[PDB]
């Protein structure tokens, strides 16, 4: 199914047709979009599906998730080999992260490094995450 519609449906946790609060931000981030803090500031108290749909259409018209995520990774591609280290990413997720169990983070790493290399080819990974 389409990503935006599905993200709304997934992050509307009580099924009342409306995302509110941090969930809103999470729904946005779950599409690969990092809202600048002023955008987060300006988010309404709640969004129904038409509101979320409009917000995401307008955002995505100017913001491209996969290349932005790729640039975020290439910040930490120290070797510059199109590849960041899985260990760094794991313990940074464990350190700064707020939502996933440690088991979840390990599952994620096994996804990103499907060959036991300790290196994450982050382009391939981001493309895998964006259907």
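Positions refer to the first chain, counted from 1.
**Q** Averaging C-alpha B-factors over each stretch, which comes out higher, 86 to 94 or 24 to 32?
**A** Stretch with the higher mean C-alpha B-factor: 86 to 94.
**Q** Select between 15 to 23 and 105 to 113 the stretch whose C-alpha atoms have the higher average B-factor in the entry.
**A** Higher of the two, by average CA B-factor, is 105 to 113.
**Q** Going by what the PDB entry lists, where does residue 64 fall on CA B-factor within its chain: lowest, middle or highest third?
**A** It belongs to the middle third of the chain when residues are ordered by C-alpha B-factor.
**Q** Could you say whether, by C-alpha temperature factor, residue 58 belongs to the lowest, middle or highest third of its chain?
**A** Lowest third, going by the recorded CA B-factors of the chain.
**Q** Compared with the other modelled residues in the chain, in which third is the CA B-factor of residue 51?
**A** Lowest third - that is where residue 51 ends up once the chain's C-alpha B-factors are sorted.
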